[PDB]
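Take a look at the structure set out below.
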Amino acid sequence: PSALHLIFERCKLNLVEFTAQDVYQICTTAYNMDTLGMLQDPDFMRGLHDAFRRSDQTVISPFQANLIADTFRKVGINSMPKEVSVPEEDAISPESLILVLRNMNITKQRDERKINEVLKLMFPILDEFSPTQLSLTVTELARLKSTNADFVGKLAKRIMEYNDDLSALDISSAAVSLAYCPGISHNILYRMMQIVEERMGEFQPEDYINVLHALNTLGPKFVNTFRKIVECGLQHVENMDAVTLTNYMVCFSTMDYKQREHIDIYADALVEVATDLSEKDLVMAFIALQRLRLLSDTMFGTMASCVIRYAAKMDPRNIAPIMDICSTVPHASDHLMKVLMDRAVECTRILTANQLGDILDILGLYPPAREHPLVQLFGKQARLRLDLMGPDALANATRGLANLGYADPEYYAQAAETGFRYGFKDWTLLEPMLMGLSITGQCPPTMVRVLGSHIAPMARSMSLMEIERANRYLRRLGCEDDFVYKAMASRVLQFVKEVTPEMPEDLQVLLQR
Amino acid sequence: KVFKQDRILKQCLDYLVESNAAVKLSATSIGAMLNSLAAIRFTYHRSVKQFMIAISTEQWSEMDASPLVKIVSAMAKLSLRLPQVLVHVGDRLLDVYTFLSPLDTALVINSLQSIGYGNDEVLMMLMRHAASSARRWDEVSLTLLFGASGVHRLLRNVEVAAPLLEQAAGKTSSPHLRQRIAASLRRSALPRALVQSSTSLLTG
Amino acid sequence: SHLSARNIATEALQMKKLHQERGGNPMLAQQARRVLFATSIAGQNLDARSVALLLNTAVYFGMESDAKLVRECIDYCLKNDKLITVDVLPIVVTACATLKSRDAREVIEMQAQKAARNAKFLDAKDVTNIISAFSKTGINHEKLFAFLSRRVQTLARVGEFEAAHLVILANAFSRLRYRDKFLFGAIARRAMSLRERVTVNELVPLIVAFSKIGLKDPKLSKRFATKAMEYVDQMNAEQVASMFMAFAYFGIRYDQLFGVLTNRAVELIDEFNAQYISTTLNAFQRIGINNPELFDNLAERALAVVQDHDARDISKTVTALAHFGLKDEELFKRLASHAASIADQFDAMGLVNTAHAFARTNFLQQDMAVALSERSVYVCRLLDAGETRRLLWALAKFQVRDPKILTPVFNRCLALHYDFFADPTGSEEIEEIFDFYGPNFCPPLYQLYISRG
Amino acid sequence: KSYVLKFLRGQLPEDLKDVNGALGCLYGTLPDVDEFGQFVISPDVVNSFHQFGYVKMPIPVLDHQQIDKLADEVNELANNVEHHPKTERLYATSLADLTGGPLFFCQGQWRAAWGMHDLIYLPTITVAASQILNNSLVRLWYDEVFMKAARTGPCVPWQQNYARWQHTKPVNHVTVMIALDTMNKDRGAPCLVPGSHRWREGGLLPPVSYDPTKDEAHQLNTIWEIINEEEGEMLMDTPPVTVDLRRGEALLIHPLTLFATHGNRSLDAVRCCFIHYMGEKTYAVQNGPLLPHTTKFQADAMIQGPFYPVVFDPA
Amino acid sequence: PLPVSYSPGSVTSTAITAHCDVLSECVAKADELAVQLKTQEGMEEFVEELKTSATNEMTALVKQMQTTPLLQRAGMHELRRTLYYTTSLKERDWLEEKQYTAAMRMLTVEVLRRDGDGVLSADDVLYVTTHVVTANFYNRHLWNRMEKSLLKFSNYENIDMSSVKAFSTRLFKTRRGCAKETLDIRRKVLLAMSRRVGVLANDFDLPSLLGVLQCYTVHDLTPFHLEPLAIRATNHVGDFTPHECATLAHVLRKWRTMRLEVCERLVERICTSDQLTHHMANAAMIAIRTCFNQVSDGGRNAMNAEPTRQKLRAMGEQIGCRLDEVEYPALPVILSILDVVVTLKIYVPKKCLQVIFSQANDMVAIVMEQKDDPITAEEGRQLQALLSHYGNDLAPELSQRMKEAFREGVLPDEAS
């Protein structure tokens, strides 16, 4: 071709007068078909980007601008649509402010100042809103995470005074978005849930989801409401979308239902349909089933077959809870553990501190984990991550690695150095450090003195059995001071009022020391 | 020319309603004026609202379908949700729905879905009419229909959706739309067998 | 490979920690610069923690207010102040210390005004991090520090802090010039009630800060002196130099401690480098104590390590040697020759002090003379009246008489002529200057000199 | 070495001339001593430069993912709302009056911004400059940039480079010019006489006159004022030729060549960079600083120091 | 014969002096017309004439400085006066934006050049920064260098008495709406020259002490070097009006100077007013409460705790019996006064209670009846509780009024 070359050259040299609608049209035709090279000529895209950036964007809907930015970002050039200004005096109306908020939310750029300005301007003209606009602005505000409860309360009052002029999905959206605002008075919530209860006859399968989500976010305080909906659910348990039954289980877990009669029948229906779930709903179906203590062999086999499908490519934050659940089940599921360990081996470099700490913790007493390579490689990363770990993750990782028999001497020295600037709030927060330092039994005396000074105030709390562990750890670490031994001896004497041969040798030597 | 000079168009649109000339105008002229005003994203919405209110009941009673769809599309793209005019459109659509071409049905469905219209029975009858002429639908109508916002609610009955499902797989070719429809199928009241079978060919 | 912005933020934080406190590997710094130079945050959507961490790590590695990442982070921190909770406040506040643009100033003031409203609702870790981060910048919000002071005073009555908390609090409060006696009294009380848990590595910086604040109290000073005695055999060269500096700041002649510290330091002469030598000699000059035998050993060691001297080290060592009378010809020749090459690195203090100390010693090299005299034009705006007078006397003894060098100095001297002619310590110092130059040089300055005053 | 505070151990000095090496930005880092032999230029290009007084490189020396960053730095250096940090370390900029104009330039900018510091050490141009200068060492002298305005972008008349470099005893320089954007005769591409470097036995032509308000054509047709009949006949033999450059192409010139650059008629700005190199055996002429706030030299002192770092050294 | 470019900052001059004299005459005539006001159309034509003669003069001046080198040969005082007028003619809007921006650019360029020359004196830095940041003109390098040059305190020991007063008054009266990013710089200007104020503390006039203390307090700054000034206020308290005494009470409390004896001597001046105002009542109540918290029962002077508390309650009653004369601007004032009364067990006459509760009822009517603007639900809780403790007869209508207001939920929570 010849004229095509000239057109391309005229476009690249940036003499063409392009308006935003033309660049939108060209972006669409390149996005959908691209028969001729558009996304493979970097200079053409650069010239088009310059034309778009310099051109006025006020003549396009937000969605097309978002499409333009999205097709620009694919080829390797950053792009962000221009922001909008608040309308002036005469251009103010209930329709333009909603447009401002909608453009704010669509393009994924938010701002607090414009939100404050539009919520200040909306109040005087609040009477001009159509009954179907309030249910739109309410779910728009709750998508911007605007913690302003009085305006949303006014909107809720106006919506509920206009009850008959909205569809079922509007009530669904209003309820789910309302439940996401913290500062609401509870009477308004009661009245909204009652309004929802009145309209069971018109609901659709998606439209249950929002009400169930609102109830889960609210908790047991609205328990009777969840009693009614689940009753209305008894006529459809034969066929539901698996997400709906998963939400039913989650609400059951978060509500503490004391009536297993319906929980059982819902779970039996979920058992066969769970195969269609994705990763997230599968994991939280697993958690919901485990918390209410229903996992038996028949469902365990099915869900193991369901989770092995994802086992190869788990998301790291969805691995630890699965190991936790399989820990507290007596059935045989060693293969799922094996594949999960193999997957967690690969993600070692990208794992954060807390995830690694919890993963190591859950493998404290697993015998097959005594020889798997993660005994060492994980520890190596634990060496580097140690500067970021909090007290909880540090204690968990130390407990797990000590229970696995990790023979690095300097590791626990650095652990003690890190913990000495944190302080400890309880015996559990300190026990793994002593346990780790007990693998060898020797260390510089100053840190032993500091550990003794930390242990001394904690003696008043632990019972007779735990004082034995404390004495066993102290004596082996070459402790010498006395104001620690007498502190433990006083607590021991608080229980046993006489020296007797029944107590073990450590108690005998402590009572005479 | 995409010439954005709204402070000039405001004068003309004020004159149109000041002289009470908004009532005697031909329907096609209105359906062209409003569609043009929905092309440059007009700003002074209150004047357009007062212009819409002026037209009386006599006019809506016998308008041809072709200007009616233009008017509703101009209302939707302008993001207007006037209450008392949507009922007029809804009851007037009762008598002329058979005369709508497939393109007109595709436009009307998403134009009504984008303005929060919640009269379910009229959308259901429009869906039935669209399914009746399923063999007569081309790619653009499929894009305008299946790409509507919240189309999952309009996938309610089995016999009102299957007749067009195949045509959708056969005709459309953009992978993005295929994935969009595949994702949207999962949030309906259709049975699991039909959903699985449809997604077996749709995704791609 | 390519990863989400949150993983990048985590690895960047670890990279900053490793560079900061576990050895300064240059390869790590170069690799982190490479990774952070080609990463943007606009496309993704992350919470305040990852964005704040990215901004902090980027600023730490030498990114000014012009790069894309810094602006991308700063606009977000401008538009979402409510998403900035007390957790992420210190990270951003630290990140904006070096930047001095408009947006950085506005962000810092926003954080400052937010801090003195949640004063009552903090805890130990947040209080420590917030006060250190605010000490980093240089803010002057007195009410905020008072509000935090009451909170620390109350929180100290229940005994939670460890040694590191005390060190950080003392350093941060000292650096901000907050002379509140009761606060430091509570700090000291909590310190002395922690038995066997203040190691020397944590004891010494606390003494340094307590000396630097400048509260006048001999009782706790004597307690500090007695407590430091038992660890005299445990420190290394750096802690010995720091102790010398701190006790010079205290200004009380604890002769016993000075003697025992001298007998300790004479053993550790080999481990001394230029920085410790300069610190020790400067501390001895400030306190005003003559210790010859130690001085000869330090002078010889400094002679052995001449190449390692910086601008600060030369400006300290030369001043101390000039004040104390101990002269070494070879050492001074080497120091002048070395300072010839480093003539550009002197700040306002160092150039004037080195020139004056050389002039009074009658050791006038010529390469050093020209190298230091040419530099005077650049810095002349920054100096003070007395420093300018001393520099002018050193130049008069240098015998340069070149208008290109001399023109800004006289303008500055006229600028501060009220303080220039009202300094008794140097009333005779202007006589030699005006003898060397003569009335034909500066008619206005000469007219003012002849005038009564 | 004094003690650096904990939160200042990774920063960089105020002036980037101190870091004796290339930052790890843009391209990774310098290649090994043996790995410097792949950037060599074909001899035909060398003979073409010898004949025509200028030559273009066979392949672009930069990729779009780096040129966009360089253009970002160039745009940042032109802010009139928040003045770019490290402004005071530049030789001279058009924004010293805080107003600017339809032309933007800055000199010695490698001491102020990242990335563009790394551009100096790019092997693909430094080795070519070394080959042009008879296979010896190379030294940076000073780098500057040009950014024209919108459709009111002015032009630059005919000039010889050495007319600004009288301080150098021999004629032993070379100039590399980088096109940061797509350039054209309607946008600001350069036009240079293909034989003006071989006139008057290497003599320097009289300086040209210009008017700050006349049209571009008048500023272009003032060449006849300088030339004579003899040069006129060669001008008929060798008419001026304009070269169009795409994003990332590099052009090598000679200090004795007459050159000029058209204005800007497009809808936006356009950016280009000029880097000037030395060889060895280069000495000053007078006693004083070659550039403001630089090292002073003797009347016949070899030119070397911190402000003129070595870049590439064969063997 | 060395060249020197120093000129005094407070003498030779160029035509810039003549132009500045013209501008001074113009602004003086503007204030003279304002004096004629204190008709309107009679002065309006002359106001337009003054605006025109200012605009043409500015145009001529800026053209003169732009076209020919006059800045480099101009002295320092002309630069200072030109900067002052270029700002003041814009705050009292007379100038067009482009002219103002160009003039400010030129003046800043010349000031930076002078700073490079080093002829800038200590007083000139203070003047330039105080008259630049107040006008809120952002130049990065000038701001950074002025920030750095304010850290050398020793240079600022010799500032004239009128200079500190002028700078403090300029930086004080513009505080109400200052931009955020300018606050910090303000404080530095107030700290680089605090020591001179501390030593001059014995020479300031009586109201100037209160003014300086307020100017330092509004910038959240209470340095110890200025502590003697407050002490002087405790000694010469017999000259101030009750309003100034009430302000001085809060100022003293913010300076940690507030003790028992000073408040005991303070309350009399507040008492001497013929008609009380709410600021005085609130200050008296809060001071009385703080000084009641001052006395310690569990201390080394446990012998006269109650004999002091009874006296404090005595004055408390003496100020309470006159509380019916004052208007209460808002509910929080009522809450503070009632809280002090209740937690201190001060008897109040029923007439003052009736007036207080009637005013509270009338004020709280508006928010409830207008369904929006505010009163928090907690505030209504304590108000209802206070009346319930004191009886329904105080406002037998406000009882059910607050009860209904709470029933409708018209008062949202404070954290909502």
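A note on labels: chains of the structure tokens are A, B, ... as shown, every chain counts residues from 1, and ligands are counted from 1 in their shown order.
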Should the cut-off be 9 Å, what would the residue list for chain E against chain A look like, counting only C-alpha atoms, as a PyMOL selection string? chain E and resi 409+412-413+415-416
At a cut-off of 10 Å, using only C-alpha atoms, what residues contact residue 172 in chain C? Leave out same-chain residues fewer than 2 positions from it and give the result as a list in words. residues 128, 129, 130, 131, 132, 133, 134, 135, 136, 166, 167, 168, 169, 170, 174, 175, 176, 177, 178 and 209 of chain C
Find the residues of chain D in contact range of chain E, meaning any atom within 12 Å when counting only C-alpha atoms, and list them as a VMD selection string. chain D and resid 79 to 88 95 to 100
Mind listing as an mmCIF file with N, CA and C atoms, in the first residue's frame which residues of chain B are within 6 Å of chain A, counting only C-alpha atoms?
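Written out: iface.cif:
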```cif
data_model
loop_
_atom_site.group_PDB
_atom_site.id
_atom_site.type_symbol
_atom_site.label_atom_id
_atom_site.label_comp_id
_atom_site.auth_asym_id
_atom_site.auth_seq_id
_atom_site.Cartn_x
_atom_site.Cartn_y
_atom_site.Cartn_z
ATOM 1 N N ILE B 40 -23.053 15.740 22.477
ATOM 2 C CA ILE B 40 -21.976 16.550 23.031
ATOM 3 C C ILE B 40 -22.027 16.604 24.553
ATOM 4 N N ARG B 41 -22.837 15.752 25.184
ATOM 5 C CA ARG B 41 -22.919 15.655 26.642
ATOM 6 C C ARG B 41 -23.306 17.004 27.256
ATOM 7 N N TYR B 44 -26.600 21.670 31.169
ATOM 8 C CA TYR B 44 -27.731 22.269 31.882
ATOM 9 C C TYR B 44 -28.926 21.324 31.786
ATOM 10 N N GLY B 118 -37.787 -0.385 36.249
ATOM 11 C CA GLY B 118 -37.980 -1.629 36.968
ATOM 12 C C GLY B 118 -39.327 -2.300 36.790
#
```
Can you check which residues of range 81-270 of chain D DSSP gives as strand (DSSP E) on the backbone and send them as a PDB file with N, CA and C atoms, in the first residue's frame?
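File written: result18.pdb
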```pdb
ATOM      1  N   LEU D 103      11.598  28.816  23.239  1.00  0.00           N
ATOM      2  CA  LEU D 103      12.716  27.890  23.126  1.00  0.00           C
ATOM      3  C   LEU D 103      13.197  27.544  24.524  1.00  0.00           C
ATOM      4  N   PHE D 104      13.485  26.267  24.765  1.00  0.00           N
ATOM      5  CA  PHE D 104      13.982  25.833  26.063  1.00  0.00           C
ATOM      6  C   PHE D 104      15.294  25.093  25.873  1.00  0.00           C
ATOM      7  N   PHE D 105      16.330  25.520  26.590  1.00  0.00           N
ATOM      8  CA  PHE D 105      17.618  24.850  26.528  1.00  0.00           C
ATOM      9  C   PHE D 105      18.228  24.789  27.918  1.00  0.00           C
ATOM     10  N   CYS D 106      19.040  23.760  28.136  1.00  0.00           N
ATOM     11  CA  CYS D 106      19.853  23.674  29.337  1.00  0.00           C
ATOM     12  C   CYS D 106      21.157  22.985  28.978  1.00  0.00           C
ATOM     13  N   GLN D 107      22.232  23.433  29.622  1.00  0.00           N
ATOM     14  CA  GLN D 107      23.581  22.954  29.373  1.00  0.00           C
ATOM     15  C   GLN D 107      24.132  22.306  30.635  1.00  0.00           C
ATOM     16  N   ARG D 139      36.600  12.402  25.992  1.00  0.00           N
ATOM     17  CA  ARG D 139      36.265  13.164  27.182  1.00  0.00           C
ATOM     18  C   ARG D 139      35.017  13.983  26.912  1.00  0.00           C
ATOM     19  N   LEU D 140      34.092  13.973  27.862  1.00  0.00           N
ATOM     20  CA  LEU D 140      32.922  14.830  27.774  1.00  0.00           C
ATOM     21  C   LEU D 140      33.314  16.266  28.079  1.00  0.00           C
ATOM     22  N   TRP D 141      32.757  17.207  27.316  1.00  0.00           N
ATOM     23  CA  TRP D 141      32.961  18.624  27.581  1.00  0.00           C
ATOM     24  C   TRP D 141      31.729  19.266  28.203  1.00  0.00           C
ATOM     25  N   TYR D 142      30.592  19.226  27.516  1.00  0.00           N
ATOM     26  CA  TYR D 142      29.351  19.761  28.051  1.00  0.00           C
ATOM     27  C   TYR D 142      28.211  19.334  27.145  1.00  0.00           C
ATOM     28  N   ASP D 143      27.088  19.002  27.765  1.00  0.00           N
ATOM     29  CA  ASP D 143      25.913  18.494  27.082  1.00  0.00           C
ATOM     30  C   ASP D 143      24.792  19.508  27.227  1.00  0.00           C
ATOM     31  N   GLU D 144      23.989  19.662  26.175  1.00  0.00           N
ATOM     32  CA  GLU D 144      22.853  20.569  26.237  1.00  0.00           C
ATOM     33  C   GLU D 144      21.682  19.969  25.474  1.00  0.00           C
ATOM     34  N   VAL D 145      20.491  20.497  25.746  1.00  0.00           N
ATOM     35  CA  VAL D 145      19.284  20.013  25.089  1.00  0.00           C
ATOM     36  C   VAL D 145      18.523  21.185  24.492  1.00  0.00           C
ATOM     37  N   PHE D 146      17.643  20.859  23.549  1.00  0.00           N
ATOM     38  CA  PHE D 146      16.753  21.820  22.922  1.00  0.00           C
ATOM     39  C   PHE D 146      15.336  21.272  22.929  1.00  0.00           C
ATOM     40  N   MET D 147      14.387  22.124  23.303  1.00  0.00           N
ATOM     41  CA  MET D 147      12.965  21.800  23.218  1.00  0.00           C
ATOM     42  C   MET D 147      12.278  23.003  22.585  1.00  0.00           C
ATOM     43  N   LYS D 148      11.750  22.797  21.384  1.00  0.00           N
ATOM     44  CA  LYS D 148      11.001  23.842  20.709  1.00  0.00           C
ATOM     45  C   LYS D 148       9.573  23.894  21.237  1.00  0.00           C
ATOM     46  N   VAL D 156      16.874  28.044  14.208  1.00  0.00           N
ATOM     47  CA  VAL D 156      18.257  28.388  14.504  1.00  0.00           C
ATOM     48  C   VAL D 156      18.988  28.599  13.182  1.00  0.00           C
ATOM     49  N   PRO D 157      19.629  29.753  12.967  1.00  0.00           N
ATOM     50  CA  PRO D 157      20.300  30.006  11.684  1.00  0.00           C
ATOM     51  C   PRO D 157      21.540  29.151  11.478  1.00  0.00           C
ATOM     52  N   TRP D 158      22.242  29.377  10.369  1.00  0.00           N
ATOM     53  CA  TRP D 158      23.443  28.612  10.067  1.00  0.00           C
ATOM     54  C   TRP D 158      24.562  28.960  11.040  1.00  0.00           C
ATOM     55  N   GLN D 159      25.314  27.942  11.453  1.00  0.00           N
ATOM     56  CA  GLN D 159      26.365  28.139  12.439  1.00  0.00           C
ATOM     57  C   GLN D 159      27.445  27.085  12.259  1.00  0.00           C
ATOM     58  N   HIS D 173      37.456  17.860  17.814  1.00  0.00           N
ATOM     59  CA  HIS D 173      36.209  17.567  18.505  1.00  0.00           C
ATOM     60  C   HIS D 173      35.255  16.791  17.607  1.00  0.00           C
ATOM     61  N   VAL D 174      34.097  16.458  18.180  1.00  0.00           N
ATOM     62  CA  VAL D 174      33.025  15.785  17.459  1.00  0.00           C
ATOM     63  C   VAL D 174      31.740  16.024  18.234  1.00  0.00           C
ATOM     64  N   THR D 175      30.610  15.959  17.534  1.00  0.00           N
ATOM     65  CA  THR D 175      29.308  16.215  18.134  1.00  0.00           C
ATOM     66  C   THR D 175      28.340  15.103  17.767  1.00  0.00           C
ATOM     67  N   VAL D 176      27.643  14.583  18.774  1.00  0.00           N
ATOM     68  CA  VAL D 176      26.596  13.586  18.601  1.00  0.00           C
ATOM     69  C   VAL D 176      25.267  14.240  18.939  1.00  0.00           C
ATOM     70  N   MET D 177      24.274  14.053  18.077  1.00  0.00           N
ATOM     71  CA  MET D 177      22.955  14.627  18.286  1.00  0.00           C
ATOM     72  C   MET D 177      21.923  13.511  18.300  1.00  0.00           C
ATOM     73  N   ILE D 178      21.088  13.509  19.332  1.00  0.00           N
ATOM     74  CA  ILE D 178      20.070  12.489  19.545  1.00  0.00           C
ATOM     75  C   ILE D 178      18.703  13.117  19.334  1.00  0.00           C
ATOM     76  N   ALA D 179      17.857  12.431  18.571  1.00  0.00           N
ATOM     77  CA  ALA D 179      16.492  12.876  18.316  1.00  0.00           C
ATOM     78  C   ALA D 179      15.560  12.158  19.282  1.00  0.00           C
ATOM     79  N   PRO D 190      17.146  19.012  11.301  1.00  0.00           N
ATOM     80  CA  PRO D 190      18.261  19.880  10.921  1.00  0.00           C
ATOM     81  C   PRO D 190      18.645  19.751   9.456  1.00  0.00           C
ATOM     82  N   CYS D 191      19.164  20.852   8.919  1.00  0.00           N
ATOM     83  CA  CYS D 191      19.683  20.917   7.562  1.00  0.00           C
ATOM     84  C   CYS D 191      21.097  21.475   7.603  1.00  0.00           C
ATOM     85  N   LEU D 192      22.016  20.797   6.923  1.00  0.00           N
ATOM     86  CA  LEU D 192      23.419  21.172   6.998  1.00  0.00           C
ATOM     87  C   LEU D 192      24.078  20.959   5.643  1.00  0.00           C
ATOM     88  N   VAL D 241      20.850  19.707   2.291  1.00  0.00           N
ATOM     89  CA  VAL D 241      19.979  18.540   2.383  1.00  0.00           C
ATOM     90  C   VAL D 241      19.522  18.385   3.827  1.00  0.00           C
ATOM     91  N   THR D 242      18.225  18.161   4.016  1.00  0.00           N
ATOM     92  CA  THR D 242      17.641  17.962   5.333  1.00  0.00           C
ATOM     93  C   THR D 242      17.418  16.476   5.581  1.00  0.00           C
ATOM     94  N   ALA D 250      20.517   8.632  15.816  1.00  0.00           N
ATOM     95  CA  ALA D 250      21.634   9.479  16.214  1.00  0.00           C
ATOM     96  C   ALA D 250      22.377   9.968  14.982  1.00  0.00           C
ATOM     97  N   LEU D 251      22.861  11.206  15.042  1.00  0.00           N
ATOM     98  CA  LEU D 251      23.556  11.832  13.926  1.00  0.00           C
ATOM     99  C   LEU D 251      24.879  12.408  14.410  1.00  0.00           C
ATOM    100  N   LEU D 252      25.964  12.073  13.719  1.00  0.00           N
ATOM    101  CA  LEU D 252      27.292  12.560  14.054  1.00  0.00           C
ATOM    102  C   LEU D 252      27.693  13.669  13.094  1.00  0.00           C
ATOM    103  N   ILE D 253      28.235  14.749  13.656  1.00  0.00           N
ATOM    104  CA  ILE D 253      28.595  15.945  12.911  1.00  0.00           C
ATOM    105  C   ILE D 253      30.058  16.261  13.202  1.00  0.00           C
ATOM    106  N   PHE D 259      25.546  24.309   9.889  1.00  0.00           N
ATOM    107  CA  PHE D 259      24.294  23.625  10.172  1.00  0.00           C
ATOM    108  C   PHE D 259      23.247  24.626  10.641  1.00  0.00           C
ATOM    109  N   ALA D 260      21.981  24.255  10.464  1.00  0.00           N
ATOM    110  CA  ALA D 260      20.860  25.048  10.940  1.00  0.00           C
ATOM    111  C   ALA D 260      19.699  24.101  11.191  1.00  0.00           C
ATOM    112  N   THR D 261      18.667  24.607  11.855  1.00  0.00           N
ATOM    113  CA  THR D 261      17.526  23.773  12.200  1.00  0.00           C
ATOM    114  C   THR D 261      16.246  24.564  11.996  1.00  0.00           C
ATOM    115  N   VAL D 270       8.971  19.545  20.597  1.00  0.00           N
ATOM    116  CA  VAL D 270       9.910  18.559  20.079  1.00  0.00           C
ATOM    117  C   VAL D 270      11.239  18.745  20.799  1.00  0.00           C
TER     118      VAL D 270
END
```
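The spacing separating CA of residue 428 in chain A from CA of residue 365 in chain A amounts to 17.5 Å.
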Could you tell me which residues of chain C sit within 8 Å of chain D when counting only C-alpha atoms, and give me the result as an MDAnalysis selection string? chainID C and resid 19:20 29:31 33:34 37 60:67 101:102 274:275 308:310 312:313
Which residues, written as a PyMOL selection string, have at least one atom at most 10 Å from range 10-21 of chain B, with only C-alpha atoms counted and residues fewer than 2 positions away on the same chain left out? chain B and resi 5-8+23-25+42-45+47-48+50-55
Can you tell me, as a ChimeraX atom specification, what residues are no more than 10 Å from residue 294 in chain D when counting only C-alpha atoms, ignoring any on the same chain fewer than 5 positions away? /D:91,288-289,305-308
Got time to write the residues from that selection, N, CA, C and O atoms, as a PDB file, in the first residue's frame?
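Now in again.pdb:
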```
ATOM      1  N   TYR D  91      25.116  24.874  34.066  1.00  0.00           N
ATOM      2  CA  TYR D  91      25.941  25.942  33.509  1.00  0.00           C
ATOM      3  C   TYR D  91      25.106  27.181  33.215  1.00  0.00           C
ATOM      4  O   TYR D  91      25.425  28.283  33.675  1.00  0.00           O
ATOM      5  N   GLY D 288      42.227  30.791  32.904  1.00  0.00           N
ATOM      6  CA  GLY D 288      40.917  30.990  33.471  1.00  0.00           C
ATOM      7  C   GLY D 288      40.022  29.781  33.301  1.00  0.00           C
ATOM      8  O   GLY D 288      40.408  28.766  32.712  1.00  0.00           O
ATOM      9  N   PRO D 289      38.798  29.868  33.822  1.00  0.00           N
ATOM     10  CA  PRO D 289      37.859  28.746  33.704  1.00  0.00           C
ATOM     11  C   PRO D 289      37.251  28.692  32.309  1.00  0.00           C
ATOM     12  O   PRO D 289      36.782  29.703  31.782  1.00  0.00           O
ATOM     13  N   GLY D 305      40.021  17.229  34.482  1.00  0.00           N
ATOM     14  CA  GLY D 305      39.523  17.532  35.801  1.00  0.00           C
ATOM     15  C   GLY D 305      38.297  16.723  36.173  1.00  0.00           C
ATOM     16  O   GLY D 305      38.021  15.666  35.599  1.00  0.00           O
ATOM     17  N   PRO D 306      37.545  17.201  37.167  1.00  0.00           N
ATOM     18  CA  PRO D 306      36.324  16.496  37.575  1.00  0.00           C
ATOM     19  C   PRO D 306      35.150  16.807  36.662  1.00  0.00           C
ATOM     20  O   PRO D 306      34.293  15.951  36.424  1.00  0.00           O
ATOM     21  N   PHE D 307      35.103  18.036  36.150  1.00  0.00           N
ATOM     22  CA  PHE D 307      34.006  18.473  35.296  1.00  0.00           C
ATOM     23  C   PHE D 307      34.078  17.896  33.890  1.00  0.00           C
ATOM     24  O   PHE D 307      33.115  18.041  33.131  1.00  0.00           O
ATOM     25  N   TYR D 308      35.181  17.252  33.525  1.00  0.00           N
ATOM     26  CA  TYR D 308      35.386  16.705  32.184  1.00  0.00           C
ATOM     27  C   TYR D 308      35.822  15.253  32.307  1.00  0.00           C
ATOM     28  O   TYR D 308      36.968  14.905  32.002  1.00  0.00           O
TER      29      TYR D 308
END
```
At a cut-off of 8 Å, using only C-alpha atoms, what residues contact residue 357 in chain E? Leave out same-chain residues fewer than 3 positions from it and give the result as a count of residues only. 6
